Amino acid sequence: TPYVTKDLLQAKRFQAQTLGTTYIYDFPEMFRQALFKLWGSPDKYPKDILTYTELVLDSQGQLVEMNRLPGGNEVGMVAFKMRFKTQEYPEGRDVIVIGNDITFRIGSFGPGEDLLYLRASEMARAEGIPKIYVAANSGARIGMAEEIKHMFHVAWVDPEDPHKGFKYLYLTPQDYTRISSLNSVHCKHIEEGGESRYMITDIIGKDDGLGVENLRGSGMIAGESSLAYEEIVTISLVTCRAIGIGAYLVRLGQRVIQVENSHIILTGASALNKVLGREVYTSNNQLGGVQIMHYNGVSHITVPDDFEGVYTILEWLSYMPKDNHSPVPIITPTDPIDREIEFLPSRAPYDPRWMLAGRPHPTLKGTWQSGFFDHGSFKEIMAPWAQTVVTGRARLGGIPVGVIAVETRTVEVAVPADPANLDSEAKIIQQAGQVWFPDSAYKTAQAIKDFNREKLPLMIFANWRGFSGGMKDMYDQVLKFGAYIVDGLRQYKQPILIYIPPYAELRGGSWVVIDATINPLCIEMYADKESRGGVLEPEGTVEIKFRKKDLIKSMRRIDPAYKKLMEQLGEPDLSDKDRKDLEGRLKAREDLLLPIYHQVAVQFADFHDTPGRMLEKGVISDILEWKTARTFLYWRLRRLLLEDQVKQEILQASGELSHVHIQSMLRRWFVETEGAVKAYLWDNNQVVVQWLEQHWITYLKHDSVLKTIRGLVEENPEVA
């Protein structure tokens, strides 16, 4: 119709719709639409909720910010710089959005496409802001020298019988004359059958972007993506498909959102079928669809469509700092800090998500039974992979945290059949709760690294009996993956709060890999009054330390009947007949008592495993009560976050100062400005938070600068 407002990109939109995706130039508007929903209702939207520019390569291969009509791209990659207003950043946060244009040479990657990705990614890193990559591509571009394809000739073994084969390919002198100035081929001049021929030894092609230069280009952007993951927030959305380098780019950014019915693949199904010589695979989704990648941790989450993908991106960003040199964004909670937790962990197995997010009340219908974190704030990732562990993000009185919790129910995992292997059939496997398997140790380590790079505090609801130590799980390298937990926690740069909840336990190798001493500056450990911790289970401690001999020694000491029989069996003047009767009765009594005296010993061992011993031995900071634990940990975390902002300011003014020195300094400054009578209030987290907020070093700076300058002249006697 002539009355609506239309651009000239209708054909591109349609082409994108046919491939099951969104035209790249329509993504900015999706973000705006997603931002509005994220905000709520049209009563208090800000003025310019989203402003953006297109990032365009100039003649020198540098990016310039432009405001131009959509669809003007000369390479099959597009980039935007976007500023949007959110609850976390009402005055704006920036991101870089980079995306393949799947309507431009099927989203293949050539030199120009690679250069734009590189430059946009470099710009995200230089400014310290998140890089968002929209993946809809066909991998590295494939070409042939079109100007040679229909001019070459064949030197047959026998021109009257071509199935005998051919000796070489060649160009006639007339043809060589047409292309010798174009740098298209390398030829060797020869004579045969009395005719001059230009024998082909190499085909170069006069057009750029045919072959290996496309692989160099792919490697270039793989390296850049590897680096970006280390420096800034990286997120990808997979829509339609991600192939080859496209698949590696999404993996290297780590945080992957995959649209349902898309695929992440290296080589495709029909290619593999041709190589293997039979119809093995039914579909690319079979190789790299959500049912593979959501189930193995490559995909953090799945969405029904592009729009939910974009919305998901904004939700993830809402937990994260606006850039890599900013504090985590703490918002005003609506869920009160000073409330108890209504859901109570039990000895009986429960879904750990209820403890985090709460749940519908079991009896009082229409009511929510609150969990630990702020209502509605817990959002899980890598859910269907390695289900004995739970990983996600949440808010505690408004503070964004990474979250690790442990499943207590037995897990049923469906392992898919291998289509390439005749006798392989589908299996169901069971994984015991409260255990690290190779898969869940890996998921745990991954999550730790990802959250560290988002700069989040980490909350670990510890509940592990140990690692799976059986032959299969040992063969499958459980040991390698347990070690990554150590590396990950060691490298953590933000506070880590470890809490063993009611009826949870921390034992053996599971304690070891998460102990506070791995990162004494970040990690604090807490145990519920109803928790347990020790090298073994009490049943195991008894097996090693309180065996049959010891159980007998116990009966002798405390069972009246057993005591008498031993004392009767003492007398030497005793006949052979009385001796056989007494020791018969002693064995009878022994057999009646072993089972329960065994339980007594188990309880004896159980009393060594208490939070009480934990505290007395200094392996935890405090014993908590679940109902009031949300409140306590809120203030502890606030305090730790604030003390760290100060402590890092102290170090940029005097880098030499040890961490024990600084702790004493902060305490000293508190005592000066409140008085020695109030020094005990340093142990009060709420009071210290308030004090730091009211009081928000110059002298330290003077001395360290003067020390730096004296050193430089000491080391270099010229200069002055």
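Just count from 1 along the sequence shown to find any residue number.
Asker: According to the PDB entry, how many deposited residues between residue 14 and residue 15 are absent from the model (none, 1 to 3, 4 to 9, 10 or more)?
Answerer: Going from residue 14 to residue 15, the model skips no residues of the deposited sequence.
Asker: Out of 401-409 and 575-583, which stretch has the higher average CA B-factor listed in the record?
Answerer: The recorded data point to 575-583.
Asker: Would you determine, from the values in the PDB entry, which of 226-234 and 142-150 has the greater average C-alpha temperature factor?
Answerer: Stretch with the higher mean C-alpha B-factor: 142-150.
Asker: Which one of 94, 305, 351, 425 shows the top CA temperature factor in the record?
Answerer: Among 94, 305, 351, 425, the PDB entry lists the largest C-alpha B-factor for 425.
Asker: Highest Cα B-factor in the PDB entry belongs to which of 273, 174, 631, 491?
Answerer: Answer, based on the entry's C-alpha B-factors: 174.
Asker: By the recorded C-alpha temperature factor, relative to the other modelled residues in its chain, which third is residue 647 in?
Answerer: Its C-alpha B-factor belongs to the highest third of this chain's values.
Asker: Going by the CA temperature factor in the PDB record, which third of the chain does residue 260 belong to: lowest, middle or highest?
Answerer: It belongs to the middle third of the chain when residues are ordered by C-alpha B-factor.
Asker: Taking the entry's C-alpha B-factors for this chain, is residue 451 in the lowest, middle or highest third?
Answerer: Tercile = lowest for this residue's CA B-factor.
Asker: Comparing against every modelled residue in the chain, figure out the third that the C-alpha B-factor of residue 593 lands in (lowest, middle or highest).
Answerer: Highest third of the chain for residue 593's C-alpha B-factor.
Asker: Please place residue 136 in the lowest, middle or highest third of its chain according to the CA B-factor in the PDB entry.
Answerer: According to the entry, residue 136 has a C-alpha B-factor in the chain's middle third.
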